[PDB]
Amino acid sequence: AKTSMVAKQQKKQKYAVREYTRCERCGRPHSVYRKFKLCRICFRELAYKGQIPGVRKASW
Amino acid sequence: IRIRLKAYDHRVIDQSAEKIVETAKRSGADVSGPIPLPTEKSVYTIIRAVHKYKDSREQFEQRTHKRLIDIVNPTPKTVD
Amino acid sequence: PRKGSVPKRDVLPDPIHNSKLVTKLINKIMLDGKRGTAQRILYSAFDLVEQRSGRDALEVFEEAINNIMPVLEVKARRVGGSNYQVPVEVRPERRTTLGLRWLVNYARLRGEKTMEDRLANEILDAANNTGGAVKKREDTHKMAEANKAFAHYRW
Amino acid sequence: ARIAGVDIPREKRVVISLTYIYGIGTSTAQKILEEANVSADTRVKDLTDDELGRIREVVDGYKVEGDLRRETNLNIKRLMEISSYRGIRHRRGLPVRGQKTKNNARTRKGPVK
Amino acid sequence: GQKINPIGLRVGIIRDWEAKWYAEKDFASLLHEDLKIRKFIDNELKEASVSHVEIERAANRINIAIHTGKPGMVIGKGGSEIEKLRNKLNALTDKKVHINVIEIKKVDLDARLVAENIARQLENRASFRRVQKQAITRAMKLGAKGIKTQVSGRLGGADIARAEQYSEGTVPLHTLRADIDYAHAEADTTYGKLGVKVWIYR
Amino acid sequence: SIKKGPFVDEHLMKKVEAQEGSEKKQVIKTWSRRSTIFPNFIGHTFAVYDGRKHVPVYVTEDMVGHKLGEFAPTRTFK
Amino acid sequence: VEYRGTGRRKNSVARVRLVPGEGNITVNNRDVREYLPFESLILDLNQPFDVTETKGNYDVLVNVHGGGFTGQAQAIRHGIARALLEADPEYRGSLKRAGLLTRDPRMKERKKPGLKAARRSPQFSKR
RNA sequence: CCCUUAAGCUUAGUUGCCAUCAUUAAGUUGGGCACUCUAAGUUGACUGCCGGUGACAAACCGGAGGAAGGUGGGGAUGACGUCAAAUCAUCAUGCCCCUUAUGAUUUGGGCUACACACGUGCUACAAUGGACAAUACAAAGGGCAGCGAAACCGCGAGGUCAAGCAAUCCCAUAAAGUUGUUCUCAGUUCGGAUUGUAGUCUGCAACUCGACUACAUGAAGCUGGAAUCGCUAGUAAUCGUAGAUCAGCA
């Protein structure tokens, strides 16, 4: 599921690693990150206008 | 004491170095001056196309500024 | 490339051989980008050539280029209304820069087991005529030395 | 020529050039040189009368078999012929290995392209 | 067919990297609460004129500046509104304390409230044109170098709808150093789900 | 594989050793392919398949380094 | 006395002093021939002395570091030139009809993200 | 135009780069100098009349040029609109549907494994070349759950994961061009395909449910068709420290 597979993941299916990271307020299982706890098109909105700091679009 | 300096912009950590130096300078101590450090970065790349479109991808990351200072006079003049 | 007029863009420098043609062919024979390897093949494998082949490749480098470089070329150039090729004047950057690759495509020809010794055997039976390196030069150069074509063309 | 079956070639070194005869070859051949003065000589047709006697009495005393254990292939297959693996689910089912039986090329089990 | 977000590029450079803080150790979960408090003036305030938000916390000393929208009609009397706003903010544990106030002016100067405001008064079977052009003039009457407002989704009364973008000449976006800005209108009523576009020079 | 804890099942081998009272053979029925085995296996099938039944399997001195139903058919060529 | 022996090329710098008296360039307590892998061109790294008409002028006390070896050399095309230019201040108006006194020719670029190798991108299988 | 490199005043001239001091195994202990861009807040640039005129109709050429070709590579920058496609399927959708099955528990099974014909990314097809070996250089993720040093287990799909813990500081033979042990053209000590033995360690379970492999099974192979691969500087030839993603593996 996706709209009902939120507790299954972030509740305790009874092993160390059966939590597979998913976007905080979403259900997308692929393209995710722990310390961001979100995804691609369930996260991007933030570094527009600054809600994520020091994010220049280019020029490393 | 190895006090630390940490930031994400190129104007919030020069202030950190300078201003702790000055806080110690405003009162009597042979405290240390500005010791800058390089400008580091924290990358984060990820596909943007809502579908399976790729290779039209532009670099997307951030800049994590990390500086360091020593307080070379522990004093009861300007410590806190 | 809307324009052109590009040169060799290099100031050919040599180590301890004192030559300007022994440094423009060290990168051509340079097997899979091997500077020192080719540098040791141009100071120990190109110096012991006399011991194996017969003569040294020091001052006899001009006989391995001038006695093999062709003149008439074979490039399609429509002119008038037919379809006949026209040769380009053998210029320094179009005869010595392209006519100096007679050691990379001929290194895998000499069937004398040892490939390293076969690469040093390209100076023998090729410095003069009727050889295995000038055999492809006689099937090109000798093809328009008598049959003249257009002289008022562009190339 | 003498170690197992025959092995003819010359001009080369006897240390690992054993690869022909099953079970062992080259790698182990040059790594099993555990004897009294046996070594590669580059003269495969010289220098050898009785040294082979001892460094062969080992190969007979080398109870780890080699050719003699060519049949551990067949016999570990024999155990598995109940449709298990390597004999029933890999020999009685006519499939390939790599567990990509067929997405890439295959000549040894399927020799026909 | 692409003019991408200048909400998304002109950040830090002139308008500055909005989200502020480092935190030495607490990294993922001081942000696990930040979208819900930074977007708390657009979710529990019903997306009301919020022009931009912010987060600032190290040292366990959080404060957050915010327009407070257009103030006075939400605040009311004696201050018994924003005290309960703080009641709703910190009581997670200590989250989003002291969310201060500098007042904001001119509803028809800046695109942010205009966005969801013109996601409101077109779709009411009134000739959405007659009011489209109305708030087009009212915010290109001031004197900015234009606001190019246009409805991209589901105009008309008939079924098959297009993205008709009725813009008015010039409102830059390629002043890389200065700021151009997109405040968006994702609404609908009785009919489908609508799309509008807005671009201001300040 | 590793040594040190072959993973004899708790429930499953309980069902065995306490259903291995007599010679009566009730083997697995388990439609599960995860077990691990002892020397005291006594004549019976398994069910190492889940199509719409329960599959007889090898019983006597079968594959000896394994901890599952290595010999149990589900398919073949076609 | 010759100070400010400096000069870099391809992400690989050195700093090479020059000493009043004789001349011998010496990097990392080694020579112009026993620190570079074989690359028969040990006299070349000092042709900033043989475009100079005089070569044994000033001993170095040089130093190195870097990532590879090709970028490590061919910068000391300035390891002489910089300090040499400084002490001999005749060296701007008579040292370019060969091309020595200052050159700083090429450097690196960005490995493209998603492409095989910067210029190399996903090739076409067929059509 | 703001930026990635750039003579640069410098500056972190402490952990920084090592002429000055030889107190310098990466614990750059050191002057707490520099010696120089260097570790960026990078700062400059530009048609700069340019040496010319085209007979002039502007430009541009180039005398070599500021340390970077005429915008400083140029990074970012993306005309109307063509494209019924790019998403009903990772995302949000107006729309109606199976409703103790299409969901559902772990699964039996399965987007790898046939009876085959093609597209794939490089290492294949020895006389400087493997099974094999003394062994120069560190970039840059890192790491609050990670890497392993000098020495080192060198048989891999790493391990005790022991010590320095944001320029540094751990993967250190990083792989070659550096002397090149080793197999004189027989499928030959080139092989890591199957008919073989199977394995590094973190799994609630390798029979069809990936590996590449060493114990080395010695096969594809010796230049190429009706059928195929980089290209004016270090980009690729070849690999390369590793790993984002995540209890195995590019």
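Residues numbered from 1 in each chain as written, not as in the entry; some residues may be left out. Chains lettered and ligands numbered in written order. Part of a larger assembly, values for the part shown. Heavy atoms only, no water. Residues with missing side-chain atoms left out of burial classes, pairs and counts.

Assigned secondary structure in chain A consists of 1 helix and 0 strands. Taking 60 residues into account, the globule formula puts the C-alpha radius of gyration at 10 Å, and chain A, at 14 Å, lies well above it. By its C-alpha atoms, chain A is 45 × 25 × 15 Å across when sized along the principal axes. (Helix = DSSP H or I, 4+ residues; strand = E, 2+ residues; numbered from the N terminus. Rg over C-alpha atoms; globule rule 2.2 N^0.38 Å.)

If you tally the helices and strands in chain G, you get 1 helix and 4 strands. Written out in order from the N terminus, the α and β elements of chain G read β-β-β-β-α. What you see for chain G is a C-alpha radius of gyration of 18 Å, clearly larger than the 14 Å of a compact globule of 127 residues, by over 25%. Dimensions of chain G along its principal axes, counting C-alpha atoms only, are 70 × 35 × 25 Å.

A word on the arrangement of the chains. Where the 7 pairs of chains in contact are concerned, the greatest contact count is recorded for chains A and E. Chain B shows no contact with chain C. Their nearest C-alpha atoms sit 26 Å apart. The two units chain B and chain F never meet; even their closest C-alpha atoms stay 35 Å apart. (Contact = heavy atoms within 4.5 Å.)

Turning to the UniProt feature "binding site: Zn(2+)" (unreviewed entry) in chain A, a few remarks are in order. Residue and element names in this part refer to chain A. Mapped onto the present numbering, the UniProt feature "binding site: Zn(2+)" (unreviewed entry) falls on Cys23, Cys26, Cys39 and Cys42. In summary, the annotated positions, though distributed over 20 residues, converge in three dimensions, the widest C-alpha pair being only 8.7 Å. By secondary structure assignment, the location of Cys23 is in the segment after α1 (7–10). Residues contacting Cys23, with those up to four places away along its chain left out, are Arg28, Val32, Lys37, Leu38, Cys39 and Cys42. (UniProt positions renumbered as here; feature names shortened; annotations may be inferred.)

All names here are of chain B. Its place among the elements puts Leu37 in the loop between α1 (14–25) and β1 (42–43). Between the C-alpha atoms of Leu37 and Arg57, which are 20 residues apart in sequence, the distance is 31 Å. The contact partners of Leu37, leaving out residues within four places of it in the chain, are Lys66, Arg67 and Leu68.

Here we come to the pattern of salt bridges. Between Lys135 of chain C and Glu138 of chain C there is a salt bridge whose closest N-O contact spans 3.3 Å. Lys77 of chain D serves as the salt-bridge partner of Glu81 of chain D, at 3.8 Å between the closest nitrogen and oxygen. Taken together, the shared-partner salt bridges in this structure form one network comprising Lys49 of chain A together with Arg15 and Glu18 of chain E. (Salt bridge = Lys/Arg side-chain N within 4 Å of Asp/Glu carboxyl O.)

With phi around 50°, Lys37 of chain A is a residue other than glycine that occupies positive phi space. Here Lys37 of chain A shows up in the segment after α1. The phi dihedral of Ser49 of chain E falls on the positive side, at around 65°, and the residue is not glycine. In this fold, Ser49 of chain E is placed in the loop between α2 (40–43) and α3 (82–90).

Turning our attention to the interface of chain A and chain E. Counting residues at the interface gives 18 residues for chain A, matched by 21 residues for chain E. Each residue belonging to the side of chain A that touches chain E can be placed in one class, and the counts come to 7 nonpolar, 3 polar and 8 charged. (Nonpolar A, V, L, I, M, F, W, Y, C, P; charged D, E, K, R; others polar.)

This part covers the side chain of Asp14 of chain C. Here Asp14 of chain C lies in the segment before α1 (35–41). Among the polar contacts made by the side chain of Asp14 of chain C, one reaches the main-chain amide nitrogen of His17 of chain C at a distance of 2.9 Å. Within the structure, the side chain of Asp14 of chain C is placed 2.7 Å from the backbone nitrogen of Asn18 of chain C, a separation counted as a polar contact. When neighbours within four sequence positions are excluded, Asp14 of chain C is seen to be in contact with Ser19, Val22, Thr23 and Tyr43 of chain C together with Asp44 of chain G. (Polar contact = N/O pair within 3.5 Å; in protein donor to acceptor, adjacent residues only side chain to side chain.)

Glancing now at the state of the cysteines. Residue and element names in this part refer to chain A. Across a sulfur-sulfur distance of 2.0 Å, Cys23 and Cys39 are joined as a disulfide pair. Residues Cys23 and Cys39 share a disulfide whose torsion about the S-S bond is about -85°; that sign makes it left-handed. In this pair, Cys23 is assigned in the segment after α1 and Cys39 in the segment after α1, connecting sequence segments 16 residues apart. Paired by a disulfide, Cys26 and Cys42 hold their sulfur atoms 2.0 Å apart. (Disulfide = S-S within 2.5 Å.)

The interplanar angle of 90° and the centroid separation of 5.2 Å between the aromatic rings of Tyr33 of chain A and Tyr44 of chain B together place this pair among those described as edge-to-face. Note that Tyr33 of chain A is positioned in the segment after α1 and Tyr44 of chain B in the loop between β1 and β2 (61–62), a pairing that runs across two chains. With centroids separated by 4.7 Å and ring planes inclined at 20°, the aromatic side chains of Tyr182 of chain E and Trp199 of chain E adopt a geometry described as stacked. Remark: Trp199 of chain E occurs in the segment after β2 (196–197) and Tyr182 of chain E occurs in the loop between β1 (150–151) and β2; sequence separation between them is 17 residues. Grouping aromatic residues by their ring pairs yields a cluster made of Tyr33, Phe36 and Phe43 of chain A together with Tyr44 of chain B. Above the plane of the ring of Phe60 of chain B lies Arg44 of chain A, whose end atom (NZ or CZ) is 5.2 Å from the centre. Over the ring of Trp199 of chain E we find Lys3 of chain E, and its NZ or CZ is 5.6 Å from the ring centre. (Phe/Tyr/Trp six-rings, centres within 6.5 Å; stacked < 30°, edge-to-face > 60°. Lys NZ or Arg CZ within 6 Å of the ring centre and 35° of its normal.)

Residue and element names in this part refer to chain F. With respect to the secondary-structure elements, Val59 resides in the segment after α1 (10–19). Along the primary structure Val59 and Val27 are separated by 32 residues, whereas in three dimensions their C-alpha atoms are 9.9 Å apart. Excluding residues that lie within four positions of it along the chain, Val59 makes contacts with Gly43 and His44.

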